[PDB]
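*Asks:* Kindly generate the corresponding structure for this input.
(4 chains)
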Amino acid sequence: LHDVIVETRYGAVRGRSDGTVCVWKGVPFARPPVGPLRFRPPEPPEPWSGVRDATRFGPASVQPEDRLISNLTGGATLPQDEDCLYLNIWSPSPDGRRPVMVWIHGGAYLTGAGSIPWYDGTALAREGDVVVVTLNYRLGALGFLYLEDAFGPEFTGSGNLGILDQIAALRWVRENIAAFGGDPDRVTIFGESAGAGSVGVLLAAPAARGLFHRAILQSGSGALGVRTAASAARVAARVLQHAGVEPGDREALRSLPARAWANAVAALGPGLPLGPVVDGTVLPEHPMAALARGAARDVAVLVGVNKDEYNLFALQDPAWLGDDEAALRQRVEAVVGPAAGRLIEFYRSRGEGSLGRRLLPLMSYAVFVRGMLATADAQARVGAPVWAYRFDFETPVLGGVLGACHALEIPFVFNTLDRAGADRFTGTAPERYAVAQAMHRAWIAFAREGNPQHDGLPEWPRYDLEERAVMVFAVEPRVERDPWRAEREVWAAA
Amino acid sequence: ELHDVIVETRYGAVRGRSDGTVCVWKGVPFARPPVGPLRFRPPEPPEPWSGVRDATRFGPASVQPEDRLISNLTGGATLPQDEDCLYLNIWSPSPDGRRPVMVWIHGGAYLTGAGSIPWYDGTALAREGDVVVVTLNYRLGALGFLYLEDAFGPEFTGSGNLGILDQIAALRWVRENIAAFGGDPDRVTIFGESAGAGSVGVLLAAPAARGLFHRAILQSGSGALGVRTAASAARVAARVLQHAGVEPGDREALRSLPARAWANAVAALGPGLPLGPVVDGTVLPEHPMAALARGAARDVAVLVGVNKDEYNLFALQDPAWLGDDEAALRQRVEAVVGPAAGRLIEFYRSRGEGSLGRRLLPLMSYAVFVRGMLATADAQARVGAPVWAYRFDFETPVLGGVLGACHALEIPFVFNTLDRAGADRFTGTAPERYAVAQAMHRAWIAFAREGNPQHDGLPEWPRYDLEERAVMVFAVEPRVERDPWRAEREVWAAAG
Amino acid sequence: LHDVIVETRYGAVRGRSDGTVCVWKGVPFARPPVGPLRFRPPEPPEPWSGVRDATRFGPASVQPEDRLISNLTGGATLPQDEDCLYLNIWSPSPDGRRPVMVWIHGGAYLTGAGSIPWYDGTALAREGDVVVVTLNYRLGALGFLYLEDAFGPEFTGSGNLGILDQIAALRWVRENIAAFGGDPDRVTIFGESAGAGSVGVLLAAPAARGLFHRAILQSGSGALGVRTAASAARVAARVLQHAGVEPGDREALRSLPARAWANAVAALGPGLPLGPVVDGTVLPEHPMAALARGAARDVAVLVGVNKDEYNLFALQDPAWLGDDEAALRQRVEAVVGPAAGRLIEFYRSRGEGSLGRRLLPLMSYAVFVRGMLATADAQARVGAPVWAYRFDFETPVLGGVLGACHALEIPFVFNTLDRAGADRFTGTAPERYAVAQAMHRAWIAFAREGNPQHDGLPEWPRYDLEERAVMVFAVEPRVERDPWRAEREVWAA
Amino acid sequence: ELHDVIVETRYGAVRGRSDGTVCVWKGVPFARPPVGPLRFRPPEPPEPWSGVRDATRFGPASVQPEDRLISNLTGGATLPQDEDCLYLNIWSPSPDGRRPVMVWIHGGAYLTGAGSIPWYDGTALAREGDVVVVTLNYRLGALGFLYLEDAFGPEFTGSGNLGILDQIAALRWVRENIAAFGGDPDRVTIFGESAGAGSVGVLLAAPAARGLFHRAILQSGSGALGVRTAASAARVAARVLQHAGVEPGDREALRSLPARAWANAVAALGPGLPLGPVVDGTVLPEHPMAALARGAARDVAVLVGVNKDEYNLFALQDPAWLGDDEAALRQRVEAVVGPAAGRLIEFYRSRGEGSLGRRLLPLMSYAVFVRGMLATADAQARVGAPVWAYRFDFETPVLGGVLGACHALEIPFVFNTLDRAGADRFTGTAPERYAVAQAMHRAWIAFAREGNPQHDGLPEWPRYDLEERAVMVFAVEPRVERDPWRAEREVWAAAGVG
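*Replies:* Residues are numbered from 1 along each chain as shown, chains lettered A, B, ... in the order given. Dropping the coordinates below:
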């Protein structure tokens, strides 16, 4: 274990190396968004004299508890501060020009951090000879409060501050990744859930253009979470009322403690109230609209979902294990609205078991599968190289009710199955290591060559409209063609 | 002399004690207390704590009825009890090192017992074998195994196996934290007796437990022991709720009821095995022996066995089994075996000595214990797993030798706890028991360490197979007998 | 490296262990002497919930930078804060009841810390199966300003606060050292220079009467640095005027920044103005007087000096190399006053080389050898077991002018020759490792058995008035009897 | 293909450069700048710095006069110079590892030279031998070797040997920090040429340097080379002070004088070797050869040697060596060997070929170089230290071959710097030079590595002993010659001058 010192444009940073892999933690990519910089676009960090310590993770953005995953896991509450704009880098050596993988974590734009141990980049760096960056972006009100109507044009883009932080992190990578052994021209961005929604937004955002050449969207897309300017303004008003800040009062906005913003967001109620906004500046149009027009004709995309995405939410709501029909229909109607009737009839026929079990694929399709396929189809029509996957390995935890649930693929992709708390999520079956390797190397290959094919996997055709080939990650990996044919038709017919 | 040893789990620091030779941590929490809203819910990791937690005292036992069958022979002091019972105990030579781990699941018919019972003390095993021993508590009785799916709906999915989910959770804790106590998480052996061995049989079947252990020992129990169908469990669940005074669907009364009232509600059902693991479709997808035959545990290595005269212990509860011929003795048999008892009673009647009830005790032993043992042994042999089989023949002289090699006698031999309080009271004071105890003790140590129970004290112990059906017999002179239940095997096959 | 958690009476502390040795750094043995507690005796530290981090050294006492050794060896500047009352522990295992060695660092009561790497206790712990404690005490004005006359009886004992800090640490040791594998009844205190002067004061101080069983005094004694209440009050007056704090102004005394005390002390000009005071409370009598009364008849003592103690001060002043006679007479005249004339010619005649070279043993005797011999003679008369040593290994650095200078023996005793900067002081000759081992194990044996004898050394008789046997630590160690016989008479005559 | 490498010394972080194969750090400070109050004082460790200090450029050389003969032979321009000169340079394959270390002390008559000379570039040694190479600067001329003890008193004790104390300081820095650069501090070899080898000879004698190195290479130099008695140095010091305009005891003028003026004051003394290490009693307690004979360096292993025609280089300064006059030649011989000049002139006049002066050049070569070499080699053999001896016979064709195997010719061969700027002007363009260079290059590497200079390229090289007096001869065909100076050894012994 030894220190390794690297010099960024802002100053020197002190990391650590075991010889095989070096890691720098808590590197500032922007000036702290506190005081006047709170609710403002990110600013470059002030240069420093001396050797800055990069052996410790920076604090996470201020967040609510969100223990769903953390209760099954043993994970501790994350150390938090409004001063959170930090990234962490894993590289084999500062010498070289490797492909770069930049990770955008999920958590519904409200929770999470780049510091989470499941996102540790050591294995990717060691196995793939690549540089891995994980980062923090402003979450919650500090990140995504649309204050344009309330506080005027001084706060333009406030609905997308979290995305502007991600872009600032991408700009830092282009300018300084060379000092850490990375090639700024070979950058892949990848994320899960809200992280994949952020990737979907970044494909549409004009400021992010040229900062990345390839993108991976895991259980999320541009269809997931983006809000219209009108809807975002209404959410902002409700939060301000919970916050006690009247529109136009600059002081009260800055004077409010960061925790109070988190409490006000939580008091609005469950769901995804805050997300990226189609404001016209940062996000000029809907991400799906930009995709259809060929905004990402040059970008290569790997997009996918897990087989039983929505099953994870059966932990906070056990009705999905039941056959009660009033509660199930109410839950379905919340997402699909007027189409609830026919689709419930379609999904009830297929499968076996309780009604909730048969209705869970409906929710997965509405939330996750739909955005994935639209992303893949739009890219295919404009001719960009695209690959599609489905993650089918199931965790046996809690009686096997989760199946291949939301977020299960994270430890497989990062090969962090042994990291703290992961096996509580995935279970301890020895077969999981081989599945992780198949997925891990595919992510490596895509980042390096733009093609996820490697010798472990069978022949993985590019996703196209005629075949709709989709790689299935299982104990025995296989390629399935048009696996969502039936549902995709009925959703069109309903 | 005794000095403190402070070790840090993922959740916090715990303070144990060491005499220099062995360290012990008692009352280490592996889950949040299953109280209030957490009652009737699966275990969750415990809240992390700052500071140093005391691990010098045992945690409270799960709320349970009194068992003075076992207590009258033993000192049997009433166990301190609380619904907040999810605790485990660790015995290790040193926090430094990476030894094999032995995890004990205590018996007691899914209603009683605790990891804190002194016959389960792991000091001798750790000292002799250089292993880490963990004893644990799981939720017992209604709080553990009430099947509330039909009554209260899908919020209580898996409620029939909450005790099993606690055992899984304890193993997850061991995998997570046993390194800090000197254990190797990749070399974990699970062993249990009676309902504990029945729990082991379920763990071989349960997919959530897969990978949490590499070897298993089943003493006087199997996967067949106490398992219920969902239907059978819901009917018992209905009976329990009525005695408790809880109407179906009344969630407040469910949580409001004191834990003692649940224990009494189970007791009001009458004697027997009313609660056990349930084939609910989730936690346990199929019957354990069905999973065994399908190769669910083909990777796991197993040491399985029974005592010679298992059921004789339960004859203390009912005189009829020692008494002369009765219609009731046939009824007691038919309740376990239904139609087949007609033919079985006549075959057992001719065999053996003494009263008809005494001659019928081997019938009950085979039905309850020997059958599942041989089925478990046959299943692993067919799927290719390494299996060894044993029979415990040492006889206790108490009560005139009616007990013989009865149920639960082999435990202090396995743990080398013969001088624990009251043990010689159960086993007798013959000086030969020390050699038999060492014989079983070292074989258990050997199986946990190397995966093969053969050691120099014992004669050559052949692996159990379908051809030879080799069974090591633990006696004053240990010997290997081949197909010792051959005669009975055919007759049981001949009728149901 | 893995964490080891121990519970003190005040709370838990988290240390580090390589398997062979555990170390805890920055353990607070007293409440921070800040604010109202400044210029006051130490108080027990506040208990804490949780596990306190003991992986990093606590800050050192506020001190001026003294680059005598540090310029030669390259040492960096100590991190400093007024809250400095911390100690550091090295033990094989928290299980056990080993002898305890408590180190009091030198630095003329003005500089130093227990955290200096030459004081690392790992080697002592590993080799000797002992627990080693190094500590910080309040230095400078915060430690030894005699403000009783200035600020009245509220500030009784202010002249000896640094000594009270050492006592509190020894009291802490008695209470808590059992948790770290030490036996509080087998405690040896050892120090060098001002640290050995503190040991000399501790033998006299009645509060310390039970806190230790044995003492080692390296190049220092109770004769070294102790001040009368009268003279200390006069030193206090000069500092207060440099400070700008008028006597009887409590706010100014607490208002002044801690650094200003260091600057005011340094502005008092060259040499050391602060030391322990015979105030009547903490120190009732002169340390040498107490020894003569048999106050330490119970304690076993190991006392010694280096052969060329004063040669170190030559690095600051070139005249010692020089043959100028007016300058040397004046410097000698500063120490010995009216007896300078006769002594100068006794020393001028003996030896060879420059006049400065011939006059350096004169200064060595006055400052160091005198207090050592008086301490040994007092203990011998009262019957306490006492051993005497002389360190003769010479450093070849800077043309060999230093010889066996002051403080050279520190890395030898601690077996810390490879530690950062030590080799610049001692040189890199391969012979030093054996001399260190001989000294190191002898210190171990004394702490363990009360006898410094070990197989490496020749037969080492206890120091007595008849034979006056002194063990000489050299490449070939030997016993010399009455080696200062000639000097003893001339200084007496 | 060139990237930054940041390594941390005890004093701070330094940024070098790497092509992948070898990393280089230039201009790393090993002592506080010896300016102002630190002038005429021993070296002190450098002040710690925060941040990353640039180590991509060479530090300035010690203030020195111009060396015209070296300049005429070699293209390099006058060196950048400053009184703040205490810098060293490191070449290593990688900061990871624990390689043997070679520390180079440059020659130049204690007045000129720097570690930055491109012929001293350690890249080739690092890549081929898997070793770490350090070149350093030490104070030269008056700033380095003025014996000020008598003039200004004991404040300047050891001032006659400040350059040597700088060399010790660099070795202390190596012991301290070389681990961060991929070197092993316990396997350190010191090597030098000319006055650099004279410094090595003194370092064997100096007790302060003991243990800082385990092996030494002495090329065209020995402990006898340039060392002065305290008396002679005080006399030279007075002349230097007079030219400088500094009266004894005037501390103001001593510190006030510009560093260039010191260089001029030494130059005003005239040609020769006016300044060298001084037997002052402290830094150097005894004469280096006296310490050697008593076994002061019995633990150190030594490779010592000379070039075949050492003194011939200096004939490009003074043409009398090409002339035939007896009066001029006799004066020059008398300066070195004194009263024994007549016996040797007659010995040497018969021997050899050419003019009398050309035949008298071996006399000077033996007195200045060969004699001290054999005395050093003989001393180590007697005390039992392992010693190997060499003679460099490769000849330069420049100036009609009058130079032959002259002084300093072997340097680019040992460093394998035949390709660096200007070298071909000195050595010539014969394709054979590469093989002889490899023979020496690899032999030096082996000695630093294993303590034995034997490698497969060279024939079997026996250890030097008093009986056989085995000497490795570096030629186009490398060979071993036994007692090659036997004839001269006996005559010089008879002569009372050896």
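*Asks:* how about the closest residue to chain C within the stretch 301-450 of chain A, what does it touch?
*Replies:* Nearest residue of the stretch 301-450 of chain A to chain C (Cβ to the nearest Cβ) works out as residue A:420 at 16.3 Å. For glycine as for every other residue, the C-beta is placed from the backbone atoms N, C-alpha and C. Taking Cβ atoms under 8 Å, 6 or more residues apart in numbering or on different chains, we find residue A:420 in contact with A:73, A:74, A:75, A:117, B:10, B:176.
*Asks:* what's the answer for residue A:469, then?
*Replies:* A:388, A:460, A:461, A:462, A:463, A:479, A:480, A:481.
*Asks:* Spatially, which two of these are the most separated?
*Replies:* Of all pairs drawn from those, the one with the longest distance (Cβ to Cβ) is A:462 and A:480, at 14.6 Å.
*Asks:* list the helices and strands the top helix by length along chain A packs on?
*Replies:* Counting residues, the longest helix found in chain A (DSSP state H) is helix A:432-449. On a contact count with 3 or more Cβ pairs under 8 Å, 6 or more residues apart in numbering or on different chains; DSSP states H and E, helix A:432-449 meets strand A:98-104, helix A:122-128, strand A:182-192, strand A:214-218, strand A:300-306, strand A:386-391, helix A:410-414, strand A:469-473.
*Asks:* Now find how far off-centre stretch A:131-146 is within its chain.
*Replies:* Remark: stretch A:131-146 is offset 10 Å from the chain centroid, using Cα atoms, centre = their mean, to the nearest Å.
*Asks:* Could the C-alpha coordinates of that stretch be exported in PDB?
*Replies:* Output in PDB follows, covering the C-alpha atoms of stretch A:131-146 (Å, rounded to 0.1, in the frame of the first residue of the first chain):
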ATOM      1  CA  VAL A 131     -10.200   4.100 -15.700                       C
ATOM      2  CA  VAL A 132     -13.400   4.200 -13.600                       C
ATOM      3  CA  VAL A 133     -14.900   7.400 -12.300                       C
ATOM      4  CA  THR A 134     -17.900   7.600  -9.900                       C
ATOM      5  CA  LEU A 135     -19.300  11.000  -9.000                       C
ATOM      6  CA  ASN A 136     -21.800  12.900  -6.800                       C
ATOM      7  CA  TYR A 137     -24.400  15.300  -8.200                       C
ATOM      8  CA  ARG A 138     -26.800  17.500  -6.200                       C
ATOM      9  CA  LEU A 139     -29.900  15.600  -5.200                       C
ATOM     10  CA  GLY A 140     -33.400  16.700  -4.100                       C
ATOM     11  CA  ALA A 141     -34.400  20.400  -3.900                       C
ATOM     12  CA  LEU A 142     -30.800  21.600  -4.100                       C
ATOM     13  CA  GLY A 143     -30.500  19.600  -7.400                       C
ATOM     14  CA  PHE A 144     -33.900  19.700  -9.200                       C
ATOM     15  CA  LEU A 145     -36.100  22.400  -7.700                       C
ATOM     16  CA  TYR A 146     -37.600  24.300 -10.600                       C
END
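*Asks:* What are the buried residues along the longest helix of chain A?
*Replies:* When neighbours are counted by 16 or more other Cβ atoms under 10 Å in any protein chain shown, the buried residues of helix A:432-449 are found to be A:432, A:435-436, A:438-448.
*Asks:* and if you look at stretch A:315-325?
*Replies:* Buried positions in stretch A:315-325, judged by neighbour count with 16+ other Cβ under 10 Å: A:315, A:319, A:320, A:321, A:322, A:323.
*Asks:* wait, what's in contact with the third one?
*Replies:* When the contact criterion is Cβ under 8 Å, 6+ apart, the partners of residue A:320 are A:310, A:311, A:313, A:314, A:328, A:331, A:356, A:357, A:359, A:360, B:154.
*Asks:* and with 6 Å instead?
*Replies:* The contact partners of residue A:320, by Cβ atoms under 6 Å, 6 or more residues apart in numbering or on different chains, come to A:314, A:356, A:360.
*Asks:* what's across from residue A:53 in the sheet?
*Replies:* Beta bridges link residue A:53 to residue A:14, judged by DSSP bridges.
*Asks:* Quick one: neighbours of it, just the number.
*Replies:* Number of residues near residue A:53 (other Cβ atoms under 10 Å in any protein chain shown) recorded here: 12.
*Asks:* Which strand or helix spans the residue nearest the centre of chain A?
*Replies:* What sits nearest the mean C-alpha location of chain A, by Cα atoms, centre = their mean, is residue A:195, with 1.4 Å. Secondary structure from DSSP states H and E places residue A:195 in helix A:194-204.
*Asks:* how far does that helix sit from the chain's center?
*Replies:* 8 Å.
*Asks:* With just CA atoms, put it into PDB.
*Replies:* Extracted in PDB, the C-alpha atoms of helix A:194-204 (Å, rounded to 0.1, in the frame of the first residue of the first chain):
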ATOM      1  CA  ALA A 194     -32.200   7.600 -12.100                       C
ATOM      2  CA  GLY A 195     -28.600   7.300 -13.200                       C
ATOM      3  CA  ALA A 196     -29.800   5.800 -16.500                       C
ATOM      4  CA  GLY A 197     -32.400   8.500 -16.700                       C
ATOM      5  CA  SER A 198     -29.600  11.000 -16.300                       C
ATOM      6  CA  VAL A 199     -27.700   9.300 -19.200                       C
ATOM      7  CA  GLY A 200     -30.900   9.600 -21.200                       C
ATOM      8  CA  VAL A 201     -31.100  13.300 -20.400                       C
ATOM      9  CA  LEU A 202     -27.400  13.800 -21.300                       C
ATOM     10  CA  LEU A 203     -27.900  12.400 -24.800                       C
ATOM     11  CA  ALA A 204     -30.400  15.200 -25.300                       C
END
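*Asks:* Closest residue of chain A to chain C?
*Replies:* As assessed by Cβ to the nearest Cβ, chain C sits closest to residue A:1 within chain A, at 9.2 Å.
*Asks:* and residue A:385, what does it touch?
*Replies:* Residue A:385 makes contacts with A:300, A:462, as judged by Cβ under 6 Å, 6+ apart.
*Asks:* Kindly apply the preceding question to residue A:211 instead.
*Replies:* Applying Cβ under 6 Å, 6+ apart, we find residue A:211 in contact with A:170, A:174.
*Asks:* Residue A:138 now?
*Replies:* Here residue A:138 is in contact with A:61, A:161, A:162, A:165 (criterion: Cβ under 6 Å, 6+ apart).
*Asks:* Excluding sequence neighbours, find me the nearest residue to it.
*Replies:* Leaving out its chain neighbours, the residue that sits closest to residue A:138 by Cβ to Cβ, 6 or more residues apart in numbering or on different chains is residue A:162, at 4.8 Å.
*Asks:* In contact with the one you found, which residues?
*Replies:* Residue A:162 is in contact with A:137, A:138, A:143, A:144, counting by Cβ under 6 Å, 6+ apart.
*Asks:* how far away is the second one from chain D?
*Replies:* It refers to residue A:138. Here the criterion is Cβ to the nearest Cβ, to the nearest Å. By it, residue A:138 lies 31 Å from chain D.
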